[PDB]
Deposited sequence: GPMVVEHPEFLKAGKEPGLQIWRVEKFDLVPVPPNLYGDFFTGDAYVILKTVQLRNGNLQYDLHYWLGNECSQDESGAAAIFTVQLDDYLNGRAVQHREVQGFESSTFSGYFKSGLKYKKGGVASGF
């Protein structure tokens, strides 16, 4: 199972963030990295160069995101991991209770915004 964004996932060390929008995985504009809409759900892939690459997948759930968004973020996380031959470690991140590892990806720290993209439901 592929997808244009799967084809881009985990190719180089770095940080990739997608937002669930209407049952699809849409890149977040890099200027917005670290800011998260409370109305939305997101998938985050951190790739680290060891010789090989190490992968951590986090799915972040805003307190007001809709069920289609959190459900899709979970499913897309599984599918990305499968595309990465199962080698990613998956992490569920809830707004305001995120792991220190996840917070550590953002030099400015994690911040939240009101609003979000419309539910697919």
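How would you write out the unmodelled ranges of the deposited sequence, numbered from 1?
Deposited residues absent from the model fall in 1 to 4, 55 to 56.
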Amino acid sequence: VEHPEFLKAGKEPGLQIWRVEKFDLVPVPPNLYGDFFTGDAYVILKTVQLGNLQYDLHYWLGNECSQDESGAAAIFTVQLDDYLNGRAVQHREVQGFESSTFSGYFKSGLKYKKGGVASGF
From here on, numbers count along this sequence of modelled residues.
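What we label the rigid core is the largest C-alpha set whose atoms superpose within 1.5 Å from one form to the other.
Find the stretch among 112 to 120 and 2 to 10 with the larger RMS C-alpha deviation in 7 other deposited structures of this protein, all structures being superposed on the shown form by the rigid core.
With the rigid core fitted, 2 to 10 is the stretch that strays more in 7 other deposited structures of this protein.
When the C-alpha temperature factors are averaged for each of 52 to 60 and 91 to 99, which stretch ends up with the higher value in the entry?
Taking the mean B-factor of the alpha carbons in each, 52 to 60 is higher.
Which of the two stretches, 106 to 114 or 14 to 22, shows the higher mean Cα temperature factor in the record?
It is 106 to 114 that shows the higher mean C-alpha B-factor.
Looking at 38, 85, 70, 77, which has the highest Cα B-factor in the entry?
Result of the comparison over 38, 85, 70, 77: 85.
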